[PDB]
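Novice: One structure, pasted below without further comment.
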Amino acid sequence: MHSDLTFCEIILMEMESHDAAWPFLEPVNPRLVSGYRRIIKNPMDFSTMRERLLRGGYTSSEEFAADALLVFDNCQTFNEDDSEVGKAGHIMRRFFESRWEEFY
Ligand SMILES: CCc1c(-c2csc(CN3CCNCC3)n2)[nH]c(C)c1C(C)=O
C-alpha cells in the first residue's frame with residue numbers, strides 16, 4: 001500500500017542520515033569481527049533495507065518494521081550496552097520506535 005510504504009521511505013531516509021547511524025550503514029564484515037557469524041544468524045543493515053525497499057520487496061510496513069527491529073536486536077545480542085556500537089544502537093532503536101509510533 002502506498003501510504004504504508006512511503007512512510008517507510010521517510011523513516012529509512014531519516015535513519016540513514018541520523019548521527020548515530022554509523023554502525024549500521026553497511027553489513028558487518030565477519031572477516032573483521034571475531035565471533036559474528038557464529039552468533040548473528042540473520043545479519044541486517046540499513047543498506048540491505050534500502051536495496052530491498054527500492055527493489056519493491058517489502059509488501060507491508062510490518063515487514064519493514066521486522067528488518068528494522070532486526071538491526072537492533074542483533075546489535076544488542078552482539079555488543080554490550082556500554083560499547084560504542086551498543087550506545088549508538090540504543091539511540092537508533094529509541095529513534096525508530098518513537099518515529100514508528102507517530103505514524104501508527
Ligand atoms: C563492532 C563492529 C560493528 C559495527 C561497526 C564498527 S565500525 C563500523 C563502520 N566502519 C567505520 C567506517 N569505516 C568502515 C566501517 N561499523 N557495526 C555493527 C552493527 C557492529 C557489530 C559487531 O554488531
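Ordering of the C-alpha cells sets the chain letters (A, B, ...); residue numbers start at 1 within each chain; ligands are numbered from 1 in the order shown.
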Find the residues of chain A that sit at most 7 Å from ligand 1; for each, write down the nearest two atoms and how far apart they are in Å, to one decimal. Count only C-alpha atoms and all ligand atoms. Sort by chain, then by number going up, and give it as a Markdown table.
Specialist:
| residue | atom | partner | partner_atom_place_in_ligand_line | distance |
| --- | --- | --- | --- | --- |
| A:22 | CA | ligand 1 | 9 (C) | 5.9 |
| A:23 | CA | ligand 1 | 17 (N) | 3.7 |
| A:24 | CA | ligand 1 | 19 (C) | 5.2 |
| A:28 | CA | ligand 1 | 18 (C) | 5.6 |
| A:33 | CA | ligand 1 | 22 (C) | 6.3 |
| A:36 | CA | ligand 1 | 22 (C) | 6.5 |
| A:74 | CA | ligand 1 | 23 (O) | 6.7 |
| A:75 | CA | ligand 1 | 23 (O) | 5.0 |
| A:78 | CA | ligand 1 | 23 (O) | 5.7 |
| A:79 | CA | ligand 1 | 23 (O) | 6.1 |
| A:85 | CA | ligand 1 | 1 (C) | 5.9 |
Novice: Give me the residues near residue A:51 as a list in words, where near means some atom within 12 Å (using only C-alpha atoms) and where sequence neighbours in that chain fewer than 5 positions away do not count.
Specialist: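 The residues that qualify are residues 9, 12, 25, 26, 44, 45, 46, 56, 57, 58 and 64 of chain A.
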Novice: Show which residues sit within 9 Å of residue A:21, as a short mmCIF file (atom, residue, chain, number, x, y, z; two decimals) with C-alpha atoms, in the first residue's frame. Count only C-alpha atoms, and ignore same-chain residues fewer than 4 positions away.
Specialist:
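As written to disk, result37.cif reads:
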data_model
loop_
_atom_site.label_atom_id
_atom_site.label_comp_id
_atom_site.auth_asym_id
_atom_site.auth_seq_id
_atom_site.Cartn_x
_atom_site.Cartn_y
_atom_site.Cartn_z
CA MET A 15 17.63 6.66 9.97
CA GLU A 16 20.36 6.66 7.28
CA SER A 17 21.10 10.37 7.85
CA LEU A 25 25.15 1.78 7.12
CA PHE A 46 20.30 -0.07 6.55
CA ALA A 88 24.69 4.09 19.07
CA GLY A 89 22.25 1.23 18.65
CA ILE A 91 19.91 5.82 20.21
CA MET A 92 18.91 4.38 16.82
#
Novice: Rank nothing, just name the residue among A:37, A:18, A:55, A:50 nearest to residue A:95, using only C-alpha atoms.
Specialist: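 Closest to residue A:95, using only C-alpha atoms: A:18.
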Novice: From a backbone DSSP assignment, name each residue in stretch 20-71 of chain A labelled alpha helix (DSSP H), as an NGL selection string.
Specialist: :A and (36-39 or 46-55 or 61-71)
Novice: Could you write out that same residue set with N, CA and C atoms as a tab-separated table (two decimals), in the first residue's frame?
Specialist:
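File part.tsv, as written:
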chain	number	residue	atom	x	y	z
A	36	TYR	N	31.23	-13.07	14.90
A	36	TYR	CA	29.96	-12.51	14.44
A	36	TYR	C	29.10	-13.56	13.75
A	37	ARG	N	29.71	-14.38	12.90
A	37	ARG	CA	28.91	-15.27	12.09
A	37	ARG	C	28.36	-16.42	12.93
A	38	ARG	N	29.10	-16.81	13.98
A	38	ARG	CA	28.62	-17.80	14.95
A	38	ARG	C	27.33	-17.33	15.65
A	39	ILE	N	27.27	-16.05	16.03
A	39	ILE	CA	26.21	-15.56	16.92
A	39	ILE	C	25.04	-14.96	16.15
A	46	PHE	N	21.11	-1.05	7.26
A	46	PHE	CA	20.30	-0.07	6.55
A	46	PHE	C	20.47	-0.17	5.03
A	47	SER	N	21.67	-0.51	4.55
A	47	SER	CA	21.86	-0.57	3.10
A	47	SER	C	21.13	-1.77	2.49
A	48	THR	N	21.13	-2.92	3.18
A	48	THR	CA	20.28	-4.04	2.79
A	48	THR	C	18.81	-3.64	2.77
A	49	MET	N	18.36	-2.93	3.80
A	49	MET	CA	16.97	-2.47	3.83
A	49	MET	C	16.68	-1.54	2.66
A	50	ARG	N	17.66	-0.70	2.29
A	50	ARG	CA	17.47	0.24	1.20
A	50	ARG	C	17.39	-0.49	-0.14
A	51	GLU	N	18.32	-1.42	-0.38
A	51	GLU	CA	18.24	-2.28	-1.56
A	51	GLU	C	16.87	-2.93	-1.66
A	52	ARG	N	16.42	-3.56	-0.57
A	52	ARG	CA	15.15	-4.28	-0.66
A	52	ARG	C	13.99	-3.33	-0.89
A	53	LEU	N	14.03	-2.15	-0.27
A	53	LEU	CA	12.94	-1.19	-0.44
A	53	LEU	C	12.84	-0.72	-1.88
A	54	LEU	N	13.96	-0.26	-2.46
A	54	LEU	CA	13.93	0.18	-3.86
A	54	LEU	C	13.54	-0.95	-4.81
A	55	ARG	N	13.99	-2.18	-4.52
A	55	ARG	CA	13.64	-3.32	-5.35
A	55	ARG	C	12.15	-3.60	-5.38
A	61	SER	N	4.11	-2.51	5.67
A	61	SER	CA	5.01	-1.81	6.57
A	61	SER	C	5.59	-2.75	7.63
A	62	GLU	N	4.82	-3.77	8.05
A	62	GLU	CA	5.27	-4.65	9.13
A	62	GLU	C	6.54	-5.42	8.76
A	63	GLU	N	6.68	-5.82	7.50
A	63	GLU	CA	7.92	-6.48	7.09
A	63	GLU	C	9.12	-5.55	7.23
A	64	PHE	N	8.96	-4.30	6.77
A	64	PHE	CA	9.95	-3.27	7.00
A	64	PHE	C	10.28	-3.15	8.49
A	65	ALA	N	9.25	-3.10	9.32
A	65	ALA	CA	9.47	-2.96	10.75
A	65	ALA	C	10.28	-4.13	11.30
A	66	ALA	N	10.03	-5.33	10.76
A	66	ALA	CA	10.77	-6.51	11.17
A	66	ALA	C	12.25	-6.41	10.84
A	67	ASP	N	12.59	-5.97	9.63
A	67	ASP	CA	14.02	-5.82	9.32
A	67	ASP	C	14.67	-4.75	10.20
A	68	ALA	N	13.95	-3.64	10.43
A	68	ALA	CA	14.48	-2.58	11.27
A	68	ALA	C	14.73	-3.07	12.69
A	69	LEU	N	13.73	-3.71	13.30
A	69	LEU	CA	13.93	-4.23	14.65
A	69	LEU	C	15.05	-5.27	14.68
A	70	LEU	N	15.24	-6.00	13.57
A	70	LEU	CA	16.30	-6.99	13.47
A	70	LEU	C	17.69	-6.35	13.60
A	71	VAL	N	17.90	-5.18	12.97
A	71	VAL	CA	19.15	-4.44	13.16
A	71	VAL	C	19.50	-4.28	14.65
Novice: Report the distance between atom CA of residue A:2 and atom CA of residue A:20 in Å, rounded to one decimal place.
Specialist: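 Those two atoms sit 28.4 Å apart.
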Novice: Quick one, how far is atom CA of residue A:11 from atom CA of residue A:27?
Specialist: 19.2 Å
Novice: To one decimal place, how far is atom CA of residue A:60 from atom CA of residue A:100 in Å?
Specialist: 13.7 Å
